[PDB]
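Have a look at the structure below before the remarks.
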Amino acid sequence: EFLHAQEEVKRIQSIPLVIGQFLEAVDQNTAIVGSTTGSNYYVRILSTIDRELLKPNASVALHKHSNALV
Amino acid sequence: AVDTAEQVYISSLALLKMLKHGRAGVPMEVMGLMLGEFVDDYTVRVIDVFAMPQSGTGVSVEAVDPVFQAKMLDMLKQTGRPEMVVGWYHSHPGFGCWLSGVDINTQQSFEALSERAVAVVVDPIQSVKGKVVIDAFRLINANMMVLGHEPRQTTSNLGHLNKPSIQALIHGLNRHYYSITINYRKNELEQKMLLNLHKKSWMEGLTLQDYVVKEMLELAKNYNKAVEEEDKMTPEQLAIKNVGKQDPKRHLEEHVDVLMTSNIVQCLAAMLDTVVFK
Amino acid sequence: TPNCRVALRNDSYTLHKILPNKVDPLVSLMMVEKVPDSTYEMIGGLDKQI
Amino acid sequence: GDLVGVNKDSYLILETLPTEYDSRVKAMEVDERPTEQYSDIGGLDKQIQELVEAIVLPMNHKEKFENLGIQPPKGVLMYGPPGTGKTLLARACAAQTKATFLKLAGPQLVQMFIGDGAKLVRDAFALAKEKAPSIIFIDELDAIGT
Amino acid sequence: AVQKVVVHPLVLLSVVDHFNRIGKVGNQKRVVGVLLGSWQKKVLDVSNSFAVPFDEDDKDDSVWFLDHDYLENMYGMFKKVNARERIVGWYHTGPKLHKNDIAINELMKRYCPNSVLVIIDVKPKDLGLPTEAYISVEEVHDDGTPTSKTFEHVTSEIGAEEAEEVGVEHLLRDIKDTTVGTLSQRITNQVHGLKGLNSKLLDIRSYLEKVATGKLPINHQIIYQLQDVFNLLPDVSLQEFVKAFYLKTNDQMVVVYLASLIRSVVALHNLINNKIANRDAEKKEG
Ligand SMILES: Nc1ncnc2c1ncn2[C@@H]1O[C@H](COP(=O)(O)OP(=O)(O)OP(=O)(O)O)[C@@H](O)[C@H]1O
Ligand SMILES: [Zn+2]
């Protein structure tokens, strides 16, 4: 059931996505990301990779409605 | 006077045209009609759902053609079951499927026609497979603000449906509305073949059909070797030494268990030599 | 504090956390462009003037 | 083209609708006819004939021009130390000739936003092709021509 | 024309829910309706449909009637809501086809150039991917019969769509997905011998029955032809692998080598790191 829960988090959000610009890592489990439109968004990061691909400034894909960091 | 919490029995056939007719209107919102039978106050069943013409100019109460239903009910008589109409439904794919400004204007009109006229919403976007999603609601009369405003008895079927409470604007419509419980009366006859038709079509088509050799293992060895040193530098990174670096950090996953299953893929696929042949 | 960066929720549009901002780093970065550090060990010959 | 109507997000165009655009750019000024006539100038009868000719001759006398190969004048430079009664005499000649008058000034073509008065002639002379004279009168051409 | 068809679980249910409609009132025959196809290409797809009252007499085995007032105006209904959806043919639950089925398709060819019939199954039993599909053509015959109209089998496959897996795949909830790479491929292997060699025995007994009785089918010739394509390797005694013998283990060469190489270092990752973190907590606590 936990391995089935691994398919859950990998299912979200699937498609589609929107590009966004990462600004800085404020704390654990969440970080702020500027949208392509320019509005900075504060989004809970995905529980898988919190560190190595974060980077101070990078372009990170976001979900349409939720703008989720993946 | 006496109002009891309603239970909605939906048929697996009625579930089809909810998402299917809703998919045809995507992205735009549609307007449907619910078909079923009223058994009593505390339970209700929807035995059928049919498609209604989608409105490209926006949903209105006049989008439902009365001669469309009058010609449909006559075609339902020659059909096996001619059951009376009950209520309406509408898709809302573009957002979190909440009752809009038109949905409340078509409420007092439909609740005058039929007693309950349960408001049902559905959205494709929230998930794909393992979530009910959809939505449902029932208008609680604003004229009742003089009387007791907190139905219903037999609470938590609402109260539990009141979880998660689904953000704010959704439950912001809990003023003048109350949702309704959706459970599935067993179709399992059809639901058993629903699993059999789905998994058999997904099992190698015959189970036979499906049942870069050393090179796929030469590409895998780059994941089974060249990935090792970037994985096995981390224990030397765990050696500080010692100790100025912030700990603990666990690099054991996920490559170790992936290369495990990577052999599980390659070993049983190589067993096809011993399995298929002899 | 004013001018400070803050997170914003979607629904109630409130501030979820407090975030460190940069105002002095803007200026000070332009200040470090024009000159290096240049301490006493980086200066000499002016001892009469120092 | 442009200007056509289309319904909300359905994106269907029912009919192709004219004409052009926009607001005061389409019609600079709407003038019916002045309260005065060309008879209001004394002693200028010598130099009004040159004026009255160039405007009147392309209308009534056009049939005689195709026979003799005559080309009517277009622009006319009317200048004198003020008051010369130039603007009263100009517009007054459009009253008896039924010519529709359009009021325009040179400095009126300058706005904050660049590319306004320049796009106006694209609209103005397009109406000069669409419409028949009538007439168009402007003032302070010397300053704007600097 | 029509090569393969795509049958959704939604439209197939539209035949199944009508089995509850006329199943309670009975009596004879089966469920029959007209099929609404979605044709974007040579591959055929089906989204929705409408079930029509239908009956087929026994005596009187050639008697059949669709209700065409139900077919006409209800088409303008589904056409108004869905412009792409149109009738590509008809369907029924079978299980088999009586000879009268020749006349159902030829009547509705005014609606569609070629009407594809779909035989479905309301109760899943055997042997595999269910239902069936036929196409109406005329092959005449080699023996010289008058022009013979016989429905040729069309391969049927299930397919999915967006937003339709919401309620469908939810209600099961009991399936384990999958798991790809361990059990998924091996259960098929146990079945690939079962389902592979059972039809082997069922047909080889009917092919022996040919000489006995039931001749024709002669067939001819399709039976032995592709059987001889199966004969590229028989494989019979013994396996004729003298050229494939050293190659047999040579395909297992690197698969065993990597399995030996990965488990060595995976252990070094599992064994070392476990001992480290264990004694750090264990002995430093007490
Ligand atoms: N030579 C003239 N003939 C007739 N009227 C005149 C003459 N000179 C001046 N006037 C009178 O003086 C008044 C002032 O008009 P004025 O000549 O100042 O306009 P204008 O200078 O031509 O305008 P603009 O500067 O826009 O060209 C007019 O009402 C006009 O009747
Ligand atoms: Zn609506």
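Look through the range D:75-103, keep the residues that are in contact with an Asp or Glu (Cβ under 7 Å, 6 or more places away or on another chain) and within 12 Å of ligand 1 (Cβ to nearest atom), and return whichever of them is nearest to the other protein chains (Cβ to nearest Cβ).
Here the residue is D:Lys103.
Hey, can you tell me all the residues within the range E:129-161 that are polar (S, T, N, Q) and surrounded by fewer than 17 Cβ atoms within 10 Å (Cβ to Cβ)?
Of everything in the range E:129-161, those that are polar (S, T, N, Q) and surrounded by fewer than 17 Cβ atoms within 10 Å (Cβ to Cβ) turn out to be E:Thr145, E:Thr147, E:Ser148, E:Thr150, E:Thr155.
Restricting attention to the range D:117-146, and to residues there that are small (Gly, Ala, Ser) and surrounded by 11 or more Cβ atoms within 10 Å (Cβ to Cβ), which single residue is farthest from ligand 2 (Cβ to nearest atom)?
Checking each candidate, the answer is D:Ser134.
Exactly one condition in (1) over 22 Å from B:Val44 (Cβ atoms); (2) surrounded by 18 or more Cβ atoms within 10 Å (Cβ to Cβ); (3) away from chain E (no Cβ under 14 Å) is not met by B:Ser179; state its number.
Exception for B:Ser179: condition (1).
Looking at (1) outside any loop (DSSP other than H, G, I, E, B); (2) within 11 Å of chain E (Cβ to nearest Cβ); (3) of a type in the set (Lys, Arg), which is the only condition B:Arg81 fails?
Result: B:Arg81 passes all but (1).
Contact list please: Cβ distance under 7 Å, first residue in the range D:78-91 and closer than 16 Å to D:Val56 by Cα, second residue away from ligand 2 (no atom under 16 Å from the Cβ) and of a type outside the set (A, V, I, L, M), pairs at least six apart or on different chains.
D:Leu89/D:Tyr38; D:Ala90/D:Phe137; D:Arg91/D:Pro34; D:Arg91/D:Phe101; D:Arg91/D:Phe137
Considering the range B:64-95 alone, what residues qualify as being buried (at least 19 other Cβ atoms within 10 Å of the Cβ) and either charged (D, E, K, R) or near ligand 2 (Cβ under 10 Å from one of its atoms) (or both)?
B:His90, B:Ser91, B:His92
Looking at the range E:14-33, which of the residues that are basic (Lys, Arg) and assigned to a helix (DSSP H, G or I) is surrounded by the most Cβ atoms within 10 Å (Cβ to Cβ)?
E:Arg21
Among the residues of the range B:96-117, which ones are part of a loop (DSSP other than H, G, I, E, B) and either within 15 Å of ligand 2 (Cβ to nearest atom) or on the phi > 0 side of the Ramachandran plot (or both)?
B:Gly96, B:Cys97, B:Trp98, B:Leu99, B:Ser100, B:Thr106, B:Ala117
Mind telling me which of the residues D:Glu36, D:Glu29, D:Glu53 ends up being within 18 Å of D:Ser134 (Cβ to Cβ) and in contact with a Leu (Cβ under 7 Å, 6 or more places away or on another chain)?
Every option except D:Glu29 fails the conditions.
Please state which of the following conditions B:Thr207 fails to meet, knowing it meets all the rest: (1) β-branched (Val, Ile, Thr); (2) loosely packed, with under 15 Cβ neighbours inside 10 Å; (3) at the interface with chain E (Cβ under 10 Å from one of its Cβ atoms).
B:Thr207 satisfies all of (1) β-branched (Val, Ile, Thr); (2) loosely packed, with under 15 Cβ neighbours inside 10 Å; (3) at the interface with chain E (Cβ under 10 Å from one of its Cβ atoms) except (2).
Kindly indicate which of A:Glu24, A:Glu7, A:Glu52 is away from chain C (no Cβ under 11 Å), surrounded by 10 or more Cβ atoms within 10 Å (Cβ to Cβ) and among the acidic types (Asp, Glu).
The conditions single out A:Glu7.
Each row is one residue, and each column tells you yes or no for (1) assigned to a loop (DSSP other than H, G, I, E, B); (2) within 14 Å of chain E (Cβ to nearest Cβ); (3) surrounded by fewer than 21 Cβ atoms within 10 Å (Cβ to Cβ); (4) under 21 Å from the mean Cα position of the chain (by Cα).
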| position | (1), (2), (3), (4) |
| --- | --- |
| B:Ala1 | yes, no, yes, no |
| B:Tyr9 | no, yes, yes, yes |
| B:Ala14 | no, yes, no, yes |
| B:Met18 | no, yes, no, yes |
| B:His21 | no, yes, no, yes |
| B:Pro27 | yes, yes, yes, yes |
| B:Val30 | yes, yes, no, yes |
| B:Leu35 | no, yes, no, yes |
| B:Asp40 | yes, no, yes, no |
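What are the residues in the range A:55-68 that are of a type in the set (A, V, I, L, M, F, W, C) and surrounded by 15 or more Cβ atoms within 10 Å (Cβ to Cβ), if any?
Across the range A:55-68, the qualifying residues are A:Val60, A:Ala61, A:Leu62, A:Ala68.
Could you give me the residue pairs with C-beta distances under 8 Å whose first residue belongs to the range E:164-192 and is more than 7 Å from every other protein chain (Cβ to nearest Cβ) and under 30 Å from B:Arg185 (Cβ atoms), whose second residue is among the hydrophobic types (A, V, I, L, M, F, W, C) and surrounded by fewer than 20 Cβ atoms within 10 Å (Cβ to Cβ) wherever it lies, and which are 6+ apart or on separate chains?
Between residues of the range E:164-192 that are more than 7 Å from every other protein chain (Cβ to nearest Cβ) and under 30 Å from B:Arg185 (Cβ atoms) and residues that are among the hydrophobic types (A, V, I, L, M, F, W, C) and surrounded by fewer than 20 Cβ atoms within 10 Å (Cβ to Cβ), the close pairs are E:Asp174/B:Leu195.
Could you grab me the full set of residues in the range B:118-131 that are more than 14 Å from chain E (Cβ to nearest Cβ) and within 11 Å of ligand 2 (Cβ to nearest atom)?
Scanning the range B:118-131 gives a single hit, B:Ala119.
What do you reckon, is B:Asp135 more than 16 Å from ligand 1 (Cβ to nearest atom), of a type outside the set (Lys, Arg) and assigned to a loop (DSSP other than H, G, I, E, B)?
Yes, satisfied.
I'm checking my understanding of the structure. Among residues of the range B:210-232 that are at the interface with another protein chain (Cβ under 9 Å from one of its Cβ atoms) and within 14 Å of E:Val266 (Cβ to Cβ), which one is surrounded by the most Cβ atoms within 10 Å (Cβ to Cβ)?
B:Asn224
Looking at the range B:128-148, is at least one residue more than 24 Å from E:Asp174 (Cβ to Cβ), surrounded by 19 or more Cβ atoms within 10 Å (Cβ to Cβ) and of a type in the set (D, E, K, R)?
yes
Evaluate the range B:148-164: report whether one residue or more is over 19 Å from B:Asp3 (Cβ atoms), under 15 Å from the mean Cα position of the chain (by Cα) and either more than 14 Å from chain E (Cβ to nearest Cβ) or of a type in the set (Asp, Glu) (or both).
Taking every residue of the range B:148-164 in turn, none turns out to be over 19 Å from B:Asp3 (Cβ atoms), under 15 Å from the mean Cα position of the chain (by Cα) and either more than 14 Å from chain E (Cβ to nearest Cβ) or of a type in the set (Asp, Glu) (or both).
Tally time: how many residues in the range B:233-259 are more than 26 Å from E:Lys248 (Cβ to Cβ) and within 7 Å of another protein chain (Cβ to nearest Cβ)?
Residues meeting the conditions: 3.
Looking at E:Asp203 and the list (1) within 12 Å of chain B (Cβ to nearest Cβ); (2) surrounded by 12 or more Cβ atoms within 10 Å (Cβ to Cβ), which single condition is not satisfied?
(1)
For the range E:248-255, indicate whether the set of residues that are surrounded by 14 or more Cβ atoms within 10 Å (Cβ to Cβ), within 14 Å of another protein chain (Cβ to nearest Cβ), over 30 Å from B:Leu252 (Cβ atoms) and in contact with a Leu (Cβ under 9 Å, 6 or more places away or on another chain) is non-empty.
no
Restricting attention to the range D:23-67, report how many residues are more than 14 Å from D:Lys86 (Cα to Cα), among the aliphatic types (A, V, I, L, M) and either within 16 Å of ligand 2 (Cβ to nearest atom) or not in a loop (DSSP other than H, G, I, E, B) (or both).
5
No value in this document is a laboratory result; all are computed from the given coordinates. Neighbour counts are summed over all protein chains in view; Cβ atoms, including those assigned to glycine, are modelled from backbone coordinates with ideal geometry.
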